[PDB]
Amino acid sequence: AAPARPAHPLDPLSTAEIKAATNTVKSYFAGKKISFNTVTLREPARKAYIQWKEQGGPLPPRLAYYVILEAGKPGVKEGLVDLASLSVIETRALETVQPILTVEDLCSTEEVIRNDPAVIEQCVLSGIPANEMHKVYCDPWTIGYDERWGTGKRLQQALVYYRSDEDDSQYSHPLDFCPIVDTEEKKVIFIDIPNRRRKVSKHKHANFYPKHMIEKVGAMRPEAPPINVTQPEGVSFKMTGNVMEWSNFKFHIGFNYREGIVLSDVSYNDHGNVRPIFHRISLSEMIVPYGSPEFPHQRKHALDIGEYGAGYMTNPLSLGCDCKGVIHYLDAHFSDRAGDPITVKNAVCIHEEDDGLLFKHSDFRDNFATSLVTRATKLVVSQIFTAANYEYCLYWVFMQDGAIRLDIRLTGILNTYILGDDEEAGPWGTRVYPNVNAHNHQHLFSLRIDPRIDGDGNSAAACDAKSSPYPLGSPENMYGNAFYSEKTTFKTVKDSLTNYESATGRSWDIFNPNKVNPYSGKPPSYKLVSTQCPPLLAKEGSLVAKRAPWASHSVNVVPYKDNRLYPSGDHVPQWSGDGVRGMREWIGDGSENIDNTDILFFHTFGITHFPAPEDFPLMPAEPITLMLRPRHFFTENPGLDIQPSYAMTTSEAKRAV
């Protein structure tokens, strides 16, 4: 009667497992009116997984984690189902939190506002007649946090816009007011109205489809000639279910409602010696804090991962458009509020691409006739998600020097608020179009690394480039040129709380202090090379800083414990930021050991964005990247057994003349 076991313990729940879980929960709560918010894999404990994979150990139980609401009860209930026995094995009621906002939760808000008499009244005061409510739209946001209601009601705020025609881009025409909606009652409970009213813009909409551009600039550019990419003999990667093998890497590609892509059990086959690198790597939280202090714009600091979910938000991807070439896709499966499985087709795309030169060297002695050149190929595992106005394109990239990179491209549309005719947008925003204020904001991400560098028992350090402390003209530093790398190994959590520093070109190592490279004498490591590391601009004690305690440092290293995934806590919406949970709980008093143990390394990276008119009405892609590169992991360049694109030795060159 139980669902079939998966091919691999880290595989996401199948649609059958989802329905089995929600049947089990409905039965457990029979006679209660409940709705499903989350039904997802509860991954095996790290010890249990490693013991199963590498030690012939017990098969970990297949478990689903659920979150439900119950009509007329505050907060949520959450728990675990054991799928093999179709039973609820753990359950608890959390009356004072609110959970992630699903697509269904968000979907109904527009019609609630269009039909609400107070909202209609504000639209009419703003210059939109009462019988034109079909032209009023809103983007349904998390309320984020509002101290007037805490978590006592489940709330959204509606950022309201106007379209003259359904095909317009509405973001040139924000309205001035902000309805607050009770998600479960489907009712507006309050409208924040500014002391200074600003009526709807009379300008044309700032549009971007070809029909609009033809009107606006006369004509489109002609179709460019095509650039065609083919792989007539197929690809070099091999997938077995969700397990990838490519260029000596092996790893499991997972996916969930919240993080989106989760890469697990990542190893590199070093000439027959299969060496672990990471147990798990993913994006674990975000925050996108805006920088206008005016009310109610403090409530714009979406933690998109915890409040909406990079999986729930993810686009179905298309062949030729989003990622071109020969592509392997994976689907994603979630539950809807009724407990039925839902599918997002082609949620992940996997492909391999040309990546320019891997390495080259030529000898000047025979005018470069002696020459070796080897081209690089990269493997890319990608998704794209839409958070209302913005699109986040995520690319996990594996490379043939053994490095792993995460590239992000931000696109979509600026968040916009209305600007009066004579109103100055600065210093907190930019007038990107008439009557349009695009507020300053940051995009910050929390990369969660559970490392196993060359096996278990790891540490982390900051590496700072420093001049020698001996002065110019000393016997020790006669010409003043000496410099070295100062490695500060983190002994306790408090030591790890560190920022990027340009002054020392700071990087961070994650290494195995139990092992030694036989050439260099240093421990094997992967080094985080990451410079897009903004300070958190919101102050200490701010709503933003309190709700995202991870974001105030570029690096936070804590001891591993099971279920330490989400650093702003498990249920993010409407938390005030007060209390010991998430990263604040894991840091504790800062005194716990993190040298030579099981650690978790959370890195904060991202951008700070001051809008300009180039970003409007649709923003060109803005890049973010970080890299984890092997240093002292190998004893020589690991790509040298890749066949060169061209090689001629000195003796060969001599024979050719």
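Heads up: residue numbers just count along the shown sequence, starting at 1. Under this definition, the rigid core comprises the largest set of C-alpha atoms superposing within 1.5 Å between the forms.
In 7 other deposited structures of this protein, superposed on the rigid core, the segment with the larger root-mean-square CA displacement between 235-243 and 318-326 is 318-326. Between 481-489 and 100-108, greater CA displacement relative to the shown form is found for 100-108 when the structures in 7 other deposited structures of this protein are fitted on the core. The stretch with the higher mean CA B factor, choosing between 210-218 and 68-76, is 210-218. Note on 446-454 vs 229-237: mean CA B-factor is higher in 229-237.
Per the PDB record, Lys33 has a higher Cα B-factor than any other of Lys33, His632, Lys53, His603. Comparing the listed residues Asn435, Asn415, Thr488, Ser164, the entry records the largest Cα B-factor for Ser164. When the modelled residues of the chain are ordered by their C-alpha B factor, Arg365 lands in the highest third. Per the PDB record, residue ranking by Cα B-factor puts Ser568 in the lowest third of the chain. When the modelled residues of the chain are ordered by C-alpha B-factor, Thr625 sits in the lowest third.
In the deposited entry, the Cα temperature factor of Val266 sits in the middle third of values across the chain's modelled residues. The entry lists a Cα temperature factor for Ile281 that places it in the lowest third of the chain's modelled residues.
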